[PDB]
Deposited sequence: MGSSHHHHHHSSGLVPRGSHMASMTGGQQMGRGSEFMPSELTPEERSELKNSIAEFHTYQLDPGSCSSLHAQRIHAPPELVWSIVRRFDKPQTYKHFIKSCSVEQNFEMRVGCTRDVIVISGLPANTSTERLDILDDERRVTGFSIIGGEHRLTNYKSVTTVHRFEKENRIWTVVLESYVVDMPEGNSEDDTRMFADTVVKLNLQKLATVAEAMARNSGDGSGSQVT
């Protein structure tokens, strides 16, 4: 369940525009994709909701935002992760929200974990071939490379699961 040459071709321009980074030495990047057999805007409605990432993020326990919270670039959230993980909390600034083009992204700017300078971008993309509408989501990130330990593996495993749960959650709401 990875993207076909055609989906790849269609998404080539989105990758160039939102998922291409100028790396700092000592940093790395990753790109993940997820087909979702559901409508784009449904997917998009969950992805944009920067105050409720628990809706589709596997390992989030709770997420609080400030009083009278309004969703704008520069606003933060404090995420608490579930028990038994090697992280407790994360605090995150929304770096992008384009409802027109369906692009968000955020940076992890503190918390009790070991990701250093993590920033990701998430984009939702509509597909159609004779009466079948479906969605592909792309998510990329940049982080610092890490004696101990193993932040890339953590990041890849977490985004992959979140993308699988996103799909599961949105395909249900397509009820």
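Against the full deposited sequence, the model leaves out several stretches, namely 1 to 38, 185 to 187, 217 to 227.
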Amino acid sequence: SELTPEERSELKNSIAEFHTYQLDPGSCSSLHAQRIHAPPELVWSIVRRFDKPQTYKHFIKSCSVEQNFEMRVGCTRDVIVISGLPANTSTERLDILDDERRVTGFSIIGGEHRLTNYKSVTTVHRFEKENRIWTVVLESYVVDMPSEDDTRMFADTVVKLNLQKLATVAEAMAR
From here on, numbers count along this sequence of modelled residues.
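Rigid core (definition): largest C-alpha set, two forms, superposition within 1.5 Å.
Note on 23 to 31 and 128 to 136: with rigid core alignment, C-alpha atoms in 6 other deposited structures of this protein sit farther from this form for 23 to 31.
Superposing on the core and measuring CA offsets in 6 other deposited structures of this protein, the stretch of 72 to 80 and 86 to 94 with the greater mean deviation is 86 to 94. Of the other structures of this protein that model both sides of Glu148, a third or more give it no coordinates. The question of which stretch, 67 to 75 or 80 to 88, has the higher mean Cα B factor is settled in favour of 67 to 75.
For the pair 137 to 145 and 58 to 66, the mean Cα B-factor is higher in 58 to 66. The PDB entry assigns its highest CA temperature factor, among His32, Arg48, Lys119, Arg132, to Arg132. In the PDB entry, a CA B factor belonging to the middle third of its chain's modelled residues is recorded for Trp44.
Residue-level temperature factors show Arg126 in the highest third of its chain, judged at the C-alpha atom. For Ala38, the recorded CA B-factor ranks within the highest third of the chain. Only modelled residues enter the ranking. In this PDB entry, the Cα temperature factor of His113 sits in the middle third of its chain's modelled residues.
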